[PDB]
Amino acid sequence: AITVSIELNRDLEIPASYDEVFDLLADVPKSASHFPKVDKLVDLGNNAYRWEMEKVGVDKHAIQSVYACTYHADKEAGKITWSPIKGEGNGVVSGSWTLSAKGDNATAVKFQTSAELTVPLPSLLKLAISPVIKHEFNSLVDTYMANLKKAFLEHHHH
């Protein structure tokens, strides 16, 4: 009853070598450990994963974002992309990481994601609600970026 369309970009520099940063971001499970409020990340094999976010918030009126993506990593090109798996869940999500060395121990990273999320809330409330959902999604992504920036402090990168 309400579909929310999101398109966003982030730029940041992660203070670790290109090889380390690429290897982390190319590893969906290890990367995902730094994403806030993930409930399940189902390994579907063949570079496909289903994301089930934590629900909000009460019994029959609760909502939950669920979506599946296929991932493609190209270390030579410094690009990792993901595209939506049709007919799975209530979100349609695509995105990418673009990376490049900044010296021997830092990496410039550009994040992009396009996401369409359909939630069962009253259509009458479309204009009031959509901004809040997008704002919350931007918050989650900001947190993800900050967690990733600190992932290499830090012997274990999960």
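Each residue number is its position in the shown sequence, starting from 1.
Colleague: If you average the CA temperature factors as listed in the entry, which stretch comes out higher, 53-61 or 90-98?
Modeller: Per the deposited B-factors, the answer is 53-61.
Colleague: Which is higher on mean Cα B factor in this entry, 112-120 or 30-38?
Modeller: It is 112-120 that shows the higher mean C-alpha B-factor.
Colleague: Could you say which of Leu140, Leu25, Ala146, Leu12 has its CA atom at the highest B factor, as listed in the PDB entry?
Modeller: Result of the comparison over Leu140, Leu25, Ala146, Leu12: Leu12.
Colleague: Ranking the modelled residues of this chain by C-alpha B-factor as given in the entry, is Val132 in the lowest, middle or highest third?
Modeller: Within its chain, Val132 is a lowest-third residue by C-alpha B-factor, going by the deposited values.
Colleague: Ranking every modelled residue in this chain by its Cα temperature factor as given in the entry, which third contains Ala106?
Modeller: It belongs to the middle third of the chain when residues are ordered by C-alpha B-factor.
Colleague: Consider only the C-alpha atoms of the modelled residues in this chain, order them by B-factor as the entry records it, and name the third containing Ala68: lowest, middle or highest.
Modeller: Its C-alpha B-factor belongs to the middle third of this chain's values.
Colleague: Looking at the C-alpha B-factor of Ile85, is it in the lowest, middle or highest third of its chain?
Modeller: Its C-alpha B-factor belongs to the middle third of this chain's values.
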